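Respectively, the protein sequence lines represent chains A, B, C, D, E, F, G, H and I. So that you can map any letter, position 13 of the first sequence is 192 in this note's numbering, and since no number is skipped, the others follow by simple counting. So that you can map any letter, position 219 of the second sequence is 240 in this note's numbering, and since no number is skipped, the others follow by simple counting. So that you can map any letter, position 240 of the third sequence is 382 in this note's numbering, and since no number is skipped, the others follow by simple counting. So that you can map any letter, position 185 of the fourth sequence is 1266 in this note's numbering, and since no number is skipped, the others follow by simple counting. So that you can map any letter, position 119 of the fifth sequence is 272 in this note's numbering, and since no number is skipped, the others follow by simple counting. So that you can map any letter, position 125 of the sixth sequence is 322 in this note's numbering, and since no number is skipped, the others follow by simple counting. So that you can map any letter, position 129 of the seventh sequence is 337 in this note's numbering, and since no number is skipped, the others follow by simple counting. So that you can map any letter, position 147 of the eighth sequence is 179 in this note's numbering, and since no number is skipped, the others follow by simple counting. So that you can map any letter, position 217 of the ninth sequence is 218 in this note's numbering, and since no number is skipped, the others follow by simple counting. Encoded as structure tokens, the structure appears first; notes follow it.
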Amino acid sequence: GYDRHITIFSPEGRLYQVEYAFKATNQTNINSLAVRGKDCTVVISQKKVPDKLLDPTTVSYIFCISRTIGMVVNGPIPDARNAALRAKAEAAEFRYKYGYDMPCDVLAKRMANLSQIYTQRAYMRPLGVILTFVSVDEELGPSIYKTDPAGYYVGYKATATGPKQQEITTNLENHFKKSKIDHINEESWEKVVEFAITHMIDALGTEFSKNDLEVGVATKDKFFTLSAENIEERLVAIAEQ
Amino acid sequence: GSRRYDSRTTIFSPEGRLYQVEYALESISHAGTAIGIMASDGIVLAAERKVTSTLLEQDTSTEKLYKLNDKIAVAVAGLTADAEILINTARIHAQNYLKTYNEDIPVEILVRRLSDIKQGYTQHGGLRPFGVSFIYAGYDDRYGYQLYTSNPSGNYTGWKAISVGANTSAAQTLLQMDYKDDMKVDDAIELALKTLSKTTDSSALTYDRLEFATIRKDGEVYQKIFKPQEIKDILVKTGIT
Amino acid sequence: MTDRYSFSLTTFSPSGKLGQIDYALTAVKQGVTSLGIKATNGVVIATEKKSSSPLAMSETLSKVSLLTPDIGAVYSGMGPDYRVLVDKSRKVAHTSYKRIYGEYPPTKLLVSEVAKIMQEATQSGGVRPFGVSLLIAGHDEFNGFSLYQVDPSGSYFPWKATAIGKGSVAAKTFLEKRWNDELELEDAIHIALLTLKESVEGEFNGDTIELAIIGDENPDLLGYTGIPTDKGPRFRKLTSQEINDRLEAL
Amino acid sequence: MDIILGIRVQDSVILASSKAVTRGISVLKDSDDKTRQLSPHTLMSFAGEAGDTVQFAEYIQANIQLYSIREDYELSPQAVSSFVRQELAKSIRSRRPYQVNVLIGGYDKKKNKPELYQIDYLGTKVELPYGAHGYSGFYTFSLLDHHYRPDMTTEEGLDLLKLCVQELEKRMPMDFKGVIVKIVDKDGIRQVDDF
Amino acid sequence: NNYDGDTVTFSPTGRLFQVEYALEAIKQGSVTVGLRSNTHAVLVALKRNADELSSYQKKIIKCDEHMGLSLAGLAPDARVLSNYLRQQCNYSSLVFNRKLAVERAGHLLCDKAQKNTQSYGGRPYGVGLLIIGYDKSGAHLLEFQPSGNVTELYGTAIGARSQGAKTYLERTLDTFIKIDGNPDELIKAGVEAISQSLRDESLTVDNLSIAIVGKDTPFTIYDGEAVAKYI
Amino acid sequence: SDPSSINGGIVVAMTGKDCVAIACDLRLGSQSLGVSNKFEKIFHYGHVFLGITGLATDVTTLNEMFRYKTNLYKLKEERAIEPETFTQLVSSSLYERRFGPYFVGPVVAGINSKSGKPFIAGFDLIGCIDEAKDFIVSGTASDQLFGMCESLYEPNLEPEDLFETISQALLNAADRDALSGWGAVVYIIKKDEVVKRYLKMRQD
Amino acid sequence: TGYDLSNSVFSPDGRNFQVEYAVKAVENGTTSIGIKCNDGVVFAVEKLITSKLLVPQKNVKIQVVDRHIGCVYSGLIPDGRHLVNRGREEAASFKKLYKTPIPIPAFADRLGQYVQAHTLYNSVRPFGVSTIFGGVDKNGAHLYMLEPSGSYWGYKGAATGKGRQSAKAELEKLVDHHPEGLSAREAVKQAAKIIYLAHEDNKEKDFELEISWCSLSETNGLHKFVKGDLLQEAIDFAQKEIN
Amino acid sequence: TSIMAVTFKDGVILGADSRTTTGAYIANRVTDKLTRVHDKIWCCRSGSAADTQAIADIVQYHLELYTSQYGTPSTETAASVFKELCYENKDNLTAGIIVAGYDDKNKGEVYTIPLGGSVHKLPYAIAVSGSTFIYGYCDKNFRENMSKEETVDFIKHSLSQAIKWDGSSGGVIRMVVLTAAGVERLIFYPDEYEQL
Amino acid sequence: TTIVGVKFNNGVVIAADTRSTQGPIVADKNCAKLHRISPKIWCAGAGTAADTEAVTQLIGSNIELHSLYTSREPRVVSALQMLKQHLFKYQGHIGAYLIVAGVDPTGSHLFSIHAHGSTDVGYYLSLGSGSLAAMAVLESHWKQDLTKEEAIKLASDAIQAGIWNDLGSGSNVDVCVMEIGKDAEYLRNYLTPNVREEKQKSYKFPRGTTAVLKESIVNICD
Ligand SMILES: [Cl-]
Ligand SMILES: [Mg+2]
Ligand SMILES: [Mg+2]
């Protein structure tokens, strides 16, 4: 059964190597969540540092692709960094050729088309990663676009990725049924981060210290990650309500 | 490495046959029957469309009979997509020859080159051969009216009347039985249709399931690709419907 | 290093079957239903928008794609394979036609170029076939309105009306009963929505259905005035509202 | 390489080509044959840059001889002239162009007609009753325009050629050491032994 | 078993079998000894014949005036690697007017052998080399293995029954290391070392091959009647 | 050593009422020397007429090229190319050789088989399109033709009148150019008939 | 199955068995460690003395990249040399364009992307080495460890090879007992001790110790080998601790 | 073209004229010769407009890609990238560049890449006429750790003199001030600077 | 050739003359120098006519493919960056001198491009042999905060200065108006001030005037 070793069709019309690449996604046992505010897009990811010898500042699955685009990865760090370096290269080249900052959704489509090639060409293996791209686009506003090893991509009101993805998804689904809108009706990004963290706690049923979380925030004309002290200030606000 | 997944499409069997050529010919044997009949004053090409659907657009359809230049046509049996690659190559080779010598390409030269391309795929490159058999109907000022066939092996031969695709055994016996050398085009038209009518796997032969063409002659050669209504008429006139 | 796979991954089996093409068609069968109907004064192409998640924004994923101002495409099968085929189709409409003849290719010739790309994935080294069937609807001055199906093999056939994917067998039977040569465009849209309701199980509205037409020229969509010969694109994607209006009188 | 003349009469083509090869201040040879048989009924005369002339002529000869073997058929003069023109037309936009001018004289066995083709180094092809290359046309064309008749016999054509060669020997400053004359007709190619 | 088809495949225990099989070619090869003092470095090689009518396969190759090696295993591979060393020695002389350090020679052979163990289609080298030289830091002996592992040693041996000679040099270490400014005595120690790897056959005039390099001694190979002194 | 004026010759095209006319001289020379009085510079691919002036080897080469390309067009499109489309093809093909151009002045003439609209167009050697209602001129006597055309031409001429106008435009232009003349051909092109007339002119 | 026969093939688990097999080769290798300190990094390695015939101090395993980066590895020694050679090309091309010597995080990703590339194709074999490397840049001291998969992180202390579990345990104690930080000269002595303690898992053959260091204060931000009196002082300290 | 870059207490200022000439015709009299290659790394371009615009755009790309991977680049790093492009393609390029940048560590820095393709680090630099750099240019006039107001006046005066004697220079005086505070754009109209 | 671009309140306007010249000879008395790159991005060309048309269509083609790929209306900065990088690569051997103007989601833009690949920004620009005549009118009458009607008047006046005073320019004035939130309006032959006066005499020939050697029916059919 060499139809399970390379990206060719099985008799039932499946690509097993693509399906197994999806299973590699959850190898890190990390859950990510992305939501949109009025003016911002917030992405939160669990931060697990099991080894005591590790330098925790270097353990990250959130990447600053460009000045406006942020990318969180669910999957092994080698494939994550492979995708990150390529996305950084693609965003820079776009700006040089076309004279404007590469949009979140166009970078997503580009990285998805690269992923698609790995599912059709045999010599290249798929990357075992799901890429969640966030920005505040100058045309579309707050944007979430997610890529997977099948070369599939789509836009999201909000999204979740990881082992306990379904639990976070239904939690957010239920909120948007109630609120009757496509975003978190909140002025400041600080309170959109507080919402993201609150709903992850409710979905996973676990509490978080300042070192258990990793936060990325997209505003107009910059994407930035929060320090441990920025998160800690945010966790205090939640607790005092 | 990649050696593991190589089918080795260009190797001999212990019996000294080319596996992929033999299996390509098996493929072609399931294709709709194509008959060429060469008369003293023209050539007939008749081909059976593969199990037609009622909602198929019959009038603006080309499956079996293709024009190579003003003096040469081919009937196809096998993968249509493979045939079209080869047909465009042949159309270009014909215009290259006309550009070079200011003379319409002699039929055999075009046939030999197209056959030599097929041969190449069986001896080198490690690709699957073209799953196509052609009947070439053409005229030149040297040999006059000529019928050839080529198959995936790249072998070509000349014929007075020939069939390719499904039920060639049965079709060749019927042609061998009723064919004679002093035959007219109108007689050859009747033979071609009668032969398809008896060899067909369909309940009854109808205009909508047929493609038809004649290369006839006050000193010029005319190619007539028959319209649906013109097939309907010739099918009533010969008394098959 | 380097692509060592310079040999065909699609080969003839002893039975004469091309396994990878057969298996690609199996993937298309599992695919969501899409259909095309040709009227006298236009063509309609339609498909269900199977939403992966309700959090997903189904507007962003476009299953019906403009190839040229007068040519549109829908698919059944693997969405990513379709997306890269649309990109290659748009580019080849320019590189191998528009940049030579200064006009957009006729439906049959663009279909021919798409078919060629899909045939190459069937024979070239180190690649699998495309796991999609395309329905391409188009208009051109000398051929008028036309509808073509393109298969993983690279084979294409012109249709009066057809369907591909999940419920194509049942959908094709339904179209055979309803289709005549005197259909106006509005009649073909009506039939398309009736046909597609059979194959859709869940919600059936303008947000779960994607539908485009090749019809009259749209001066309003051209984006400039002053050139009388330039009258605008014949391809128009129907809005969520325009679909819901035709579902009331159903 | 200077003088190449051609006359197409009723039933044959006559090619006259100067015998002199000059390098610097000395005449190296006075018996040079500036012609190659392309096929049994097709002859090509050539003049131009040293080396290029023979190299081009022999290259064309080999390609026509190859076609004859492959198809067991003699390519028509029109077909040979079209092939030769295309090779020269390729040459002109090459890195180093062939500076060769040719006359192709052939008998078409299908039409039963003699044919003369004049092709210059640019690939400028023209079908003519009579033709020349370089300065040769300047002293003979006025003479040909006058006496040439299309129903002329081979003997009439040879006499008209003598008149042209005599005018060249009188008014031309260089000594071309006379001409070799070859006739192309239905029976093939033969050389006039004495001129 | 399933993991020895090529050099691009690790075994479940993390072994490269094609490299281990290449290493096996060296064990089948005829014994060659290397040893050095502070002043001189010596190669001793037992040359192998096809039969009594044949010549004896040359084991020692000169690379420069100050460097050369002995081979055990595939002789053609030794020719490829020795030719590569000659070019690197030569590049160093022409570009930098600098004799190539024996250590750098080792590093270059290691890196060349490594590339042939990581790429599909290629195969590992099937030869082991003992490189001796005298450079700016004195006498040197290297052991090359086609795994890419190069090792600097006072003495060693490679080939069939090499363990005998290697055990002797391990015992003698303190004696032969101090043979300074005395070529003949250092060769004698090398010839007595290789003698510990002999079975049935003894050292003859056209059988023994010796090479030496040192302070005021260019890399010179002794064969035939020239090695009669040391029998 | 100016490739456009070695061989010499002229083409002119004109529009009339439901008709177009294209005409050329028959001279091919090698500078001062007249070589051929039968070198036609007007070719047709179906119902689309192309005149080409300039370097004769490129005139022959471009004819052979556009025959090739229009033959393949017809096989694939299953219909004869139209003047408007052919114009773009000539433009594309010339600009492809931008930095090694064909030394030619091509002129397109024909009637659109669908709309019945008379069409003419001219190009420079790198394929810049000159689309014109009235007339197009090309060759070594282009200045002379511009003068003749700009004074003689009036719109909506009938085929029989247009013939006289374009004939007189060409003849009188060719007689004031050393490298043009030696005979002339005029094509009168109606929707579904085409007449070709050889003019009698001075042979110097 | 057969998912472990070809590199770059995902198992139904979503694992690359060929990379996991490369780790076995690393686990089979000698012990190597890295210790991050106040203003720099320390590297140490276990060199097994197979024979008396090995020349002491003249089989150096620790490699320098540029002038400021130290590299040590466990597993297939040639694979480590191949990786360092590439590192030197990357560090050279960075300095050529951007002038500044390559920052350690920048350099880490250059090795990372290269090693990861050798897990994308079946035409290549994964690297059979774990590489402990680091040095001093404009942002201070950095220590990294890189694995056959292409995975790397920043470390306070790093260990790999046959005695990794022993070394890791002894590294974890240093992190706990020195939260305010360890000095460069201290880290050299601790590095020696940890190699001697880690040698208990490889005690058939006796061994030779090898230490290098980059320190802003002690080496002026450059990579130097610990030799002579400072090396013998560290050996004596380690000898005293085992007894 | 008259351009200069001066380092002062709080950072560096970039000044230039606004005149672009084709022969004696002023193609653009309101030219912006102050070009951003990073937030706080700007350059003044002299030589071929096409060549300097092409180079500036490539350097902008390289510093964007540098920032993505390695964070904010030093002025030295920007100077290096400029020099690399200018030095390697010296045979087909006519470009003289002055690089001015602000770091929080290094403060204000000025680098010149002249027509040679060499790199020089200076406290200040002036280029007058055809990319002609002046070594001295009133050495006693420039002091280290000048105030912003002193430095603006020093550049305004220097560029005033150049415009007066040179027809290549003219129009308005544009300045960009690079400090910890941020980026300030200054424009001085002819009626201000001509009466100096 | 005279081409101008003028920025106004809510957009940009470009204008050009309609004369095409081979040296001193007028080849086309009414050619169009206003080229569409995109529906709302228009280009005016000067220099080698084949090069301006060729470069405008190539970038126009690549812009359409980029617009489709990104699902976004094309930006003028994209047309600018793609034109200049193409022109620069050929070191001026493509003699295209362009005024690029248009509206996009970002707003209204006006740029000039030089054959060597240098670009400039302006509120008013002119290019071609009539640029100095045109620029004299722009430097005389241009002000900040022009209306649409003021900008068309200024643009066409600038082209007229070229038509009358420059021998390279003549015939008619073409204008294209790109306003924000509106379809761009192409005003072909906006002004026709150079109408040819009635001729003194009809040069229509009596039929049979021309001598004819041979007639023959040409076969255009199959
Ligand atoms: Cl892409
Ligand atoms: Mg694959
Ligand atoms: Mg004349």
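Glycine included, each C-beta is placed from N, C-alpha and C at the ideal position.
Using C-beta distances below 6 Å, list every residue in its chain close to residue i, excluding the 5 sequence neighbours before and after it, in chain order.
i	result
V238 of chain A	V228
Which residues mark the beginning and the end of the beta strand (DSSP E) in which residue i is found?
i	result
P1195 of chain D	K1194 to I1200
Just checking: is the beta-carbon of residue i within a distance shorter than 9 Å of some beta-carbon in chain B?
i	result
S219 of chain G	no
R294 of chain F	no
Compute the distance between the beta-carbons of residue i and residue j, then report whether it is under 9 Å.
i	j	result
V186 of chain E	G286 of chain E	no
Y335 of chain A	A198 of chain C	yes
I323 of chain F	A210 of chain F	no
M1233 of chain D	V1090 of chain D	yes
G367 of chain E	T192 of chain E	yes
Keeping to the same chain, check which residues put their C-beta closer than 8 Å to that of residue i; ignore five residues upstream and five downstream.
i	result
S200 of chain C	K191, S193, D349 and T350
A407 of chain A	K389 and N390
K330 of chain F	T212 and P352
Check whether chain G comes within 9 Å of residue i, counting only Cβ atoms and requiring the distance to be less than that.
i	result
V161 of chain E	yes
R146 of chain C	yes
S23 of chain B	yes
Would you grab the beta carbon distance between residue i and residue j for me? Rounded to a whole angstrom, and I think it's under 8 Å.
i	j	result
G222 of chain G	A200 of chain A	7 Å
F341 of chain G	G278 of chain G	6 Å
Counting contacts by CB-CB distance shorter than 9 Å, is residue i in contact with chain F?
i	result
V1207 of chain D	yes
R20 of chain I	no
Please check if any C-beta of chain H sits within less than 9 Å of the C-beta of residue i.
i	result
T427 of chain G	no
Compare the C-beta of residue i against all C-beta atoms of chain D and say whether one is closer than 9 Å.
i	result
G380 of chain F	no
Give a yes or no on whether 9 Å exceeds the smallest Cβ distance from residue i to chain I.
i	result
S290 of chain F	no
Counting only beta-carbon atoms, is residue i nearer than 9 Å to chain A?
i	result
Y142 of chain B	no
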